[PDB]
């Protein structure tokens, strides 16, 4: 007598949201927001450098914990909480900008500056920087006056970047523990260090005095830096208090840099990283970490946004 048309239905449907309505039930649906984290750094196929106890900026100056990182190569660079940029207490001016340059440098390659000296000492060391007894930063030289209280002669040194990419130049300023202990090392009078590149002019006068004992030591070294363009020259005028670069760095290519506290895993592949690990997903969104970096789903505040993949469920 008859023929009737219909459609499929389920007992268990999935509720979703529409323009018009909250929680309409459909046959099937699928998630658009990623919540599944992999608690490792997924490094499969990637030249990876885990800095561990080496600070990223310490790769340029070379305290002992960075000795095996002086000329690294990488697609992926990892910083760790335990890392430290210094052996002798001190810090970098414009520290974060430098880190950013280095995170995407592809690693570094080092080249002798070619400074030589006369009328002064070049081998200054300390108990903070340990390599079979007292040492210093591997890429630097602690310049002194030959003997105690001796006049540090006003010095002029230049270096032309002969290469086709910009040179990274780094030099330190030593602030001794007192006004007396400064004159001992470099002689009395107002010391003056200056620096001049085509698009860079600056001056540096020291500042002796008592800082808190870090590594048991109350002295500090101010590290500074510039990017020296191809064929450009840079000159250092100094009456003292100066930590001299021995080598200059050049950037190898491209990389990314992350901060994290989890292990590396070469069985695992991913392009989106954060401090807790790797987000592997094709979903367009994620609700795991808004500071995730690399190539990532967009961060959203919602835990979940289900997308209908079936008709409306209308059961018996």
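Residue numbers count along the first chain shown, from 1.
Higher average CA B factor: 171-179, of the stretches 171-179 and 103-111. Averaged over their C-alpha atoms, the temperature factors of 299-307 and 7-15 are higher for 7-15. Across the options 220, 191, 141, 224, the residue with the most elevated CA B-factor in the record is 191.
If you compare the C-alpha temperature factors of 73, 165, 135, 213 in the entry, 213 comes out highest. Split the chain's modelled residues into thirds by C-alpha temperature factor. Residue 96 is in the lowest one.
Per the PDB record, residue ranking by Cα B-factor puts residue 78 in the lowest third of the chain.
Ranked within its chain, residue 148 lands in the highest third, by CA B factor from the PDB record. Ranked by Cα temperature factor within the chain, residue 85 sits in the lowest third according to the deposited record.
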